[PDB]
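Here is the structure we will look at, set down as structure tokens.
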Amino acid sequence: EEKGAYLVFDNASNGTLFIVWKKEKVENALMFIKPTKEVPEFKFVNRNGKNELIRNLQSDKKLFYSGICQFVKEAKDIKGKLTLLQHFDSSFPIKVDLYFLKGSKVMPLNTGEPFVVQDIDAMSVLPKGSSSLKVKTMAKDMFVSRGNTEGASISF
């Protein structure tokens, strides 16, 4: 976990998400990214390891959802794995579970497990009421449109 990315929440703007690109162990993170192949150095150097994803989460809890898609976006960009850490949900009023689209099949994220995000068709951030996309097989077009109405989606 030392090498990878971490989703962090900051009190900036009464709610900001932060994705750390580092080779160190970041704590107090809500989510994580695990790269299988080498991680882009320019993301380390240009961002200096810090990148603020989305801000003012105060105004709308769904912004956190969207910020999450922006987070896994990085994972799908470098072609790694996405890990949803659990802990924040006990303190933060947002508890959700992530879903990926692969082929015609939809797959939910396993809590604290690096899950294949690299060659996904689409991704979305659904709340505990994730049954929107919780089916045996799914349309890539529906996946994003559904997740978007859930408040977060991101599709190739």
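Numbering starts fresh at 1 for the residues of each chain in the structure tokens, the chains themselves are lettered A, B, ... in the order given, and ligands are numbered from 1 as they appear.
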
Within 6 Å of residue 88 of chain A, counting only C-alpha atoms, which residues qualify if same-chain residues fewer than 3 places away don't, as a list in words?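 The residues satisfying every condition are residues 30, 91 and 92 of chain A.
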
Restricted to N, CA, C and O atoms, what would the selected residues look like written as a PDB file, in the first residue's frame?
```
ATOM      1  N   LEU A  30      -9.789   7.352   2.848  1.00  0.00           N
ATOM      2  CA  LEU A  30     -11.100   6.727   2.721  1.00  0.00           C
ATOM      3  C   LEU A  30     -11.056   5.663   1.634  1.00  0.00           C
ATOM      4  O   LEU A  30     -11.852   4.734   1.626  1.00  0.00           O
ATOM      5  N   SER A  91     -17.713   7.855  10.660  1.00  0.00           N
ATOM      6  CA  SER A  91     -17.591   9.225  11.139  1.00  0.00           C
ATOM      7  C   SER A  91     -18.193  10.208  10.133  1.00  0.00           C
ATOM      8  O   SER A  91     -18.799  11.213  10.507  1.00  0.00           O
ATOM      9  N   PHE A  92     -18.042   9.890   8.862  1.00  0.00           N
ATOM     10  CA  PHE A  92     -18.518  10.725   7.775  1.00  0.00           C
ATOM     11  C   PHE A  92     -19.908  10.251   7.356  1.00  0.00           C
ATOM     12  O   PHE A  92     -20.131   9.050   7.206  1.00  0.00           O
TER      13      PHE A  92
END
```

Contacts of segment 41-57 of chain A at 8 Å (only C-alpha atoms; same-chain gap of 4+ positions) as a PyMOL selection string: chain A and resi 12-22+61-64+66-67+70-71

Among the residues of segment 18-156 of chain A, find those DSSP assigns to alpha helix (DSSP H) from the backbone and print them as a ChimeraX atom specification. /A:41-45,62-78,140-150

Excluding residue 101 of chain A and residues on its chain fewer than 6 positions from it, collect all residues at most 12 Å away from it, counting only C-alpha atoms, and give them as a PyMOL selection string. chain A and resi 107-109+115-125+133-144+146-147+153-156

Please, could you write that set of residues out with N, CA, C and O atoms as a short mmCIF file (atom, residue, chain, number, x, y, z; two decimals), in the first residue's frame?
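As a result, part.cif now contains:
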```cif
data_model
loop_
_atom_site.label_atom_id
_atom_site.label_comp_id
_atom_site.auth_asym_id
_atom_site.auth_seq_id
_atom_site.Cartn_x
_atom_site.Cartn_y
_atom_site.Cartn_z
N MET A 107 -19.82 -5.44 -11.68
CA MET A 107 -19.14 -5.99 -10.52
C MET A 107 -18.97 -4.93 -9.44
O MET A 107 -18.40 -3.87 -9.70
N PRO A 108 -19.46 -5.19 -8.23
CA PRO A 108 -19.29 -4.28 -7.10
C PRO A 108 -17.89 -4.36 -6.50
O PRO A 108 -17.17 -5.35 -6.69
N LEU A 109 -17.51 -3.32 -5.79
CA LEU A 109 -16.18 -3.23 -5.19
C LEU A 109 -16.18 -3.97 -3.86
O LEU A 109 -17.10 -3.83 -3.05
N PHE A 115 -9.41 -3.94 -6.64
CA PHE A 115 -10.28 -4.55 -7.62
C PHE A 115 -10.00 -3.97 -9.01
O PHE A 115 -9.68 -2.79 -9.14
N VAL A 116 -10.12 -4.82 -10.02
CA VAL A 116 -9.78 -4.47 -11.40
C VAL A 116 -10.56 -3.25 -11.89
O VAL A 116 -11.78 -3.29 -12.04
N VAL A 117 -9.83 -2.17 -12.15
CA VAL A 117 -10.42 -0.94 -12.66
C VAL A 117 -9.78 -0.56 -14.00
O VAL A 117 -10.30 0.28 -14.74
N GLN A 118 -8.67 -1.20 -14.31
CA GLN A 118 -7.87 -0.84 -15.47
C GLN A 118 -8.65 -0.94 -16.79
O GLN A 118 -8.74 0.04 -17.53
N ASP A 119 -9.21 -2.10 -17.07
CA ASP A 119 -9.89 -2.31 -18.35
C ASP A 119 -11.40 -2.37 -18.17
O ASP A 119 -12.08 -3.16 -18.82
N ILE A 120 -11.93 -1.51 -17.30
CA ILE A 120 -13.37 -1.43 -17.11
C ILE A 120 -14.02 -0.72 -18.29
O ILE A 120 -13.37 0.00 -19.05
N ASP A 121 -15.31 -0.94 -18.44
CA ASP A 121 -16.12 -0.23 -19.42
C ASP A 121 -16.59 1.08 -18.81
O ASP A 121 -16.53 2.13 -19.44
N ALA A 122 -17.07 0.99 -17.58
CA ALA A 122 -17.56 2.15 -16.87
C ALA A 122 -17.49 1.93 -15.36
O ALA A 122 -17.36 0.79 -14.90
N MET A 123 -17.56 3.01 -14.60
CA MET A 123 -17.58 2.94 -13.15
C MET A 123 -18.61 3.93 -12.61
O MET A 123 -18.95 4.91 -13.28
N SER A 124 -19.14 3.65 -11.42
CA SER A 124 -20.07 4.56 -10.77
C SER A 124 -19.96 4.43 -9.26
O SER A 124 -19.46 3.42 -8.75
N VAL A 125 -20.41 5.45 -8.56
CA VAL A 125 -20.43 5.41 -7.11
C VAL A 125 -21.86 5.39 -6.64
O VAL A 125 -22.57 6.39 -6.71
N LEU A 133 -27.59 -0.69 -9.95
CA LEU A 133 -26.71 -1.37 -10.88
C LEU A 133 -26.36 -2.78 -10.40
O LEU A 133 -25.48 -3.43 -10.94
N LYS A 134 -27.07 -3.25 -9.38
CA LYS A 134 -26.80 -4.56 -8.80
C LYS A 134 -27.61 -5.64 -9.50
O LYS A 134 -28.65 -6.08 -9.01
N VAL A 135 -27.14 -6.06 -10.67
CA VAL A 135 -27.82 -7.08 -11.44
C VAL A 135 -26.79 -8.06 -12.03
O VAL A 135 -25.59 -7.81 -11.95
N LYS A 136 -27.24 -9.18 -12.59
CA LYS A 136 -26.34 -10.18 -13.13
C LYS A 136 -25.52 -9.61 -14.29
O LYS A 136 -24.31 -9.80 -14.37
N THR A 137 -26.20 -8.89 -15.17
CA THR A 137 -25.58 -8.30 -16.34
C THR A 137 -26.15 -6.93 -16.60
O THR A 137 -27.32 -6.67 -16.31
N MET A 138 -25.35 -6.05 -17.18
CA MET A 138 -25.73 -4.66 -17.29
C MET A 138 -25.27 -4.02 -18.59
O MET A 138 -24.33 -4.49 -19.24
N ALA A 139 -25.95 -2.94 -18.97
CA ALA A 139 -25.56 -2.13 -20.12
C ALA A 139 -24.59 -1.04 -19.68
O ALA A 139 -24.82 -0.36 -18.68
N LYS A 140 -23.52 -0.87 -20.45
CA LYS A 140 -22.52 0.15 -20.20
C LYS A 140 -23.13 1.55 -20.27
O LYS A 140 -22.70 2.46 -19.56
N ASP A 141 -24.14 1.69 -21.10
CA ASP A 141 -24.82 2.97 -21.29
C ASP A 141 -25.68 3.28 -20.08
O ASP A 141 -25.72 4.41 -19.59
N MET A 142 -26.35 2.25 -19.59
CA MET A 142 -27.20 2.36 -18.42
C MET A 142 -26.36 2.63 -17.18
O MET A 142 -26.74 3.43 -16.33
N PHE A 143 -25.22 1.97 -17.10
CA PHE A 143 -24.35 2.03 -15.93
C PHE A 143 -24.04 3.47 -15.55
O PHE A 143 -24.24 3.88 -14.40
N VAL A 144 -23.56 4.23 -16.51
CA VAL A 144 -23.21 5.62 -16.28
C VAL A 144 -24.45 6.47 -16.00
O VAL A 144 -24.46 7.27 -15.07
N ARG A 146 -27.28 5.56 -14.81
CA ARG A 146 -27.77 5.17 -13.50
C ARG A 146 -26.89 5.75 -12.40
O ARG A 146 -27.39 6.36 -11.46
N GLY A 147 -25.59 5.56 -12.52
CA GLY A 147 -24.68 6.08 -11.53
C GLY A 147 -24.74 7.58 -11.44
O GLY A 147 -24.65 8.14 -10.36
N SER A 153 -21.00 8.88 -11.82
CA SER A 153 -20.62 7.89 -12.81
C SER A 153 -19.43 8.36 -13.63
O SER A 153 -19.16 9.56 -13.73
N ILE A 154 -18.73 7.41 -14.22
CA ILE A 154 -17.57 7.70 -15.05
C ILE A 154 -17.35 6.55 -16.03
O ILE A 154 -17.08 5.42 -15.64
N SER A 155 -17.49 6.83 -17.32
CA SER A 155 -17.45 5.77 -18.32
C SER A 155 -16.41 6.03 -19.40
O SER A 155 -16.11 7.18 -19.73
N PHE A 156 -15.83 4.95 -19.91
CA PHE A 156 -14.91 5.04 -21.03
C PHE A 156 -15.68 5.39 -22.30
O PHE A 156 -15.65 6.57 -22.72
#
```

For each of A:112, A:65, A:7, A:97, take the minimum atom-to-atom distance to residue 148 of chain A, counting only C-alpha atoms, then give the residue where this is smallest.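 Going through A:112, A:65, A:7, A:97 one by one, the smallest distance to residue 148 of chain A is for A:65.
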
Using DSSP on the backbone, list every residue of chain A that comes out as strand (DSSP E), and give them as a ChimeraX atom specification. /A:4-10,16-22,29-34,81-84,96-102,105-108,115-116,122-127,153-155

For the selection you just gave me, I'd like the residues written to a file as a tab-separated table (two decimals), in the first residue's frame, keeping N, CA and C atoms.
```tsv
chain	number	residue	atom	x	y	z
A	4	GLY	N	1.20	3.64	-4.28
A	4	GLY	CA	-0.17	3.70	-4.75
A	4	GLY	C	-0.80	5.04	-4.46
A	5	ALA	N	-2.12	5.12	-4.53
A	5	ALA	CA	-2.83	6.38	-4.29
A	5	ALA	C	-3.79	6.26	-3.11
A	6	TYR	N	-4.06	7.37	-2.45
A	6	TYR	CA	-4.97	7.40	-1.30
A	6	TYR	C	-5.98	8.53	-1.43
A	7	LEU	N	-7.25	8.20	-1.20
A	7	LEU	CA	-8.32	9.20	-1.21
A	7	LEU	C	-8.47	9.76	0.18
A	8	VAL	N	-8.31	11.06	0.31
A	8	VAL	CA	-8.35	11.70	1.61
A	8	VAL	C	-9.44	12.77	1.64
A	9	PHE	N	-10.02	12.98	2.81
A	9	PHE	CA	-10.98	14.05	3.02
A	9	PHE	C	-10.35	15.16	3.85
A	10	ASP	N	-10.50	16.39	3.39
A	10	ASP	CA	-9.97	17.53	4.11
A	10	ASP	C	-11.10	18.51	4.42
A	16	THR	N	-13.21	18.58	1.07
A	16	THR	CA	-12.44	18.39	-0.14
A	16	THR	C	-11.90	16.97	-0.21
A	17	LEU	N	-11.77	16.45	-1.42
A	17	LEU	CA	-11.14	15.16	-1.63
A	17	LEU	C	-9.74	15.35	-2.17
A	18	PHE	N	-8.86	14.48	-1.75
A	18	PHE	CA	-7.46	14.57	-2.09
A	18	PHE	C	-6.95	13.19	-2.48
A	19	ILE	N	-6.30	13.11	-3.63
A	19	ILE	CA	-5.65	11.88	-4.04
A	19	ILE	C	-4.14	12.05	-4.00
A	20	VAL	N	-3.52	11.30	-3.12
A	20	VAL	CA	-2.09	11.35	-2.95
A	20	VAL	C	-1.40	10.33	-3.85
A	21	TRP	N	-0.51	10.79	-4.70
A	21	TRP	CA	0.35	9.90	-5.45
A	21	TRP	C	1.71	9.85	-4.77
A	22	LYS	N	1.97	8.74	-4.10
A	22	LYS	CA	3.15	8.64	-3.26
A	22	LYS	C	3.72	7.24	-3.29
A	29	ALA	N	-7.06	7.79	5.12
A	29	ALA	CA	-7.60	7.75	3.78
A	29	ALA	C	-8.90	6.96	3.75
A	30	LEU	N	-9.79	7.35	2.85
A	30	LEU	CA	-11.10	6.73	2.72
A	30	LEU	C	-11.06	5.66	1.63
A	31	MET	N	-10.12	5.82	0.71
A	31	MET	CA	-9.98	4.90	-0.42
A	31	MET	C	-8.52	4.80	-0.86
A	32	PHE	N	-8.22	3.84	-1.74
A	32	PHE	CA	-6.84	3.56	-2.14
A	32	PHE	C	-6.80	3.05	-3.59
A	33	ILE	N	-5.66	3.24	-4.24
A	33	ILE	CA	-5.43	2.75	-5.59
A	33	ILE	C	-4.14	1.95	-5.62
A	34	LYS	N	-4.19	0.77	-6.21
A	34	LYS	CA	-3.01	-0.07	-6.30
A	34	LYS	C	-2.63	-0.29	-7.76
A	81	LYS	N	-5.58	-0.95	-9.78
A	81	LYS	CA	-6.73	-1.52	-9.09
A	81	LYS	C	-7.31	-0.49	-8.13
A	82	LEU	N	-8.59	-0.60	-7.83
A	82	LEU	CA	-9.22	0.34	-6.92
A	82	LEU	C	-9.58	-0.35	-5.61
A	83	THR	N	-9.26	0.30	-4.51
A	83	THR	CA	-9.57	-0.20	-3.18
A	83	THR	C	-10.42	0.80	-2.42
A	84	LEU	N	-11.56	0.36	-1.94
A	84	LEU	CA	-12.41	1.19	-1.10
A	84	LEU	C	-12.18	0.86	0.37
A	96	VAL	N	-21.15	4.37	1.07
A	96	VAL	CA	-21.48	3.97	-0.29
A	96	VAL	C	-20.69	2.73	-0.70
A	97	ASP	N	-21.07	2.13	-1.81
A	97	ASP	CA	-20.32	1.01	-2.38
A	97	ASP	C	-20.21	1.15	-3.90
A	98	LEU	N	-19.00	0.95	-4.39
A	98	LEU	CA	-18.64	1.24	-5.77
A	98	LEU	C	-18.92	0.06	-6.69
A	99	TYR	N	-19.23	0.36	-7.95
A	99	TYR	CA	-19.49	-0.67	-8.95
A	99	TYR	C	-18.69	-0.40	-10.22
A	100	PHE	N	-18.18	-1.46	-10.84
A	100	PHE	CA	-17.53	-1.36	-12.13
A	100	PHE	C	-18.34	-2.10	-13.18
A	101	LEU	N	-18.20	-1.66	-14.42
A	101	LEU	CA	-18.81	-2.32	-15.55
A	101	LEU	C	-17.70	-2.98	-16.37
A	102	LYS	N	-17.81	-4.27	-16.61
A	102	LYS	CA	-16.85	-4.97	-17.46
A	102	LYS	C	-17.56	-5.85	-18.47
A	105	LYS	N	-21.08	-7.34	-17.88
A	105	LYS	CA	-21.27	-7.71	-16.49
A	105	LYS	C	-20.90	-6.55	-15.57
A	106	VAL	N	-21.68	-6.38	-14.53
A	106	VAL	CA	-21.41	-5.39	-13.51
A	106	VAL	C	-20.83	-6.06	-12.26
A	107	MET	N	-19.82	-5.44	-11.68
A	107	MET	CA	-19.14	-5.99	-10.52
A	107	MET	C	-18.97	-4.93	-9.44
A	108	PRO	N	-19.46	-5.19	-8.23
A	108	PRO	CA	-19.29	-4.28	-7.10
A	108	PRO	C	-17.89	-4.36	-6.50
A	115	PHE	N	-9.41	-3.94	-6.64
A	115	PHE	CA	-10.28	-4.55	-7.62
A	115	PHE	C	-10.00	-3.97	-9.01
A	116	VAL	N	-10.12	-4.82	-10.02
A	116	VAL	CA	-9.78	-4.47	-11.40
A	116	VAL	C	-10.56	-3.25	-11.89
A	122	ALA	N	-17.07	0.99	-17.58
A	122	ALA	CA	-17.56	2.15	-16.87
A	122	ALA	C	-17.49	1.93	-15.36
A	123	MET	N	-17.56	3.01	-14.60
A	123	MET	CA	-17.58	2.94	-13.15
A	123	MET	C	-18.61	3.93	-12.61
A	124	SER	N	-19.14	3.65	-11.42
A	124	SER	CA	-20.07	4.56	-10.77
A	124	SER	C	-19.96	4.43	-9.26
A	125	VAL	N	-20.41	5.45	-8.56
A	125	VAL	CA	-20.43	5.41	-7.11
A	125	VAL	C	-21.86	5.39	-6.64
A	126	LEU	N	-22.28	4.23	-6.16
A	126	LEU	CA	-23.62	4.06	-5.67
A	126	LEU	C	-23.61	4.02	-4.14
A	127	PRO	N	-24.69	4.48	-3.52
A	127	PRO	CA	-24.89	4.37	-2.09
A	127	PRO	C	-25.33	2.96	-1.72
A	153	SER	N	-21.00	8.88	-11.82
A	153	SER	CA	-20.62	7.89	-12.81
A	153	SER	C	-19.43	8.36	-13.63
A	154	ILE	N	-18.73	7.41	-14.22
A	154	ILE	CA	-17.57	7.70	-15.05
A	154	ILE	C	-17.35	6.55	-16.03
A	155	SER	N	-17.49	6.83	-17.32
A	155	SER	CA	-17.45	5.77	-18.32
A	155	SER	C	-16.41	6.03	-19.40
```

Can you work out the spacing between atom CA of residue 87 of chain A and atom CA of residue 23 of chain A in Å, to one decimal?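 About the pair atom CA of residue 87 of chain A and atom CA of residue 23 of chain A: they are 22.1 Å apart.
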
Smallest atom-to-atom distance to residue 114 of chain A: which of A:58, A:80, A:68, A:26, using only C-alpha atoms?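 Among the listed residues, A:80 lies closest to residue 114 of chain A.
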
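Shortest separation to residue 35 of chain A among A:149, A:11, A:59, A:72 occurs at residue A:72, atoms counted being only C-alpha atoms.
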
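The interatomic distance for the pair atom CA of residue 2 of chain A and atom CA of residue 38 of chain A works out to 13.5 Å.
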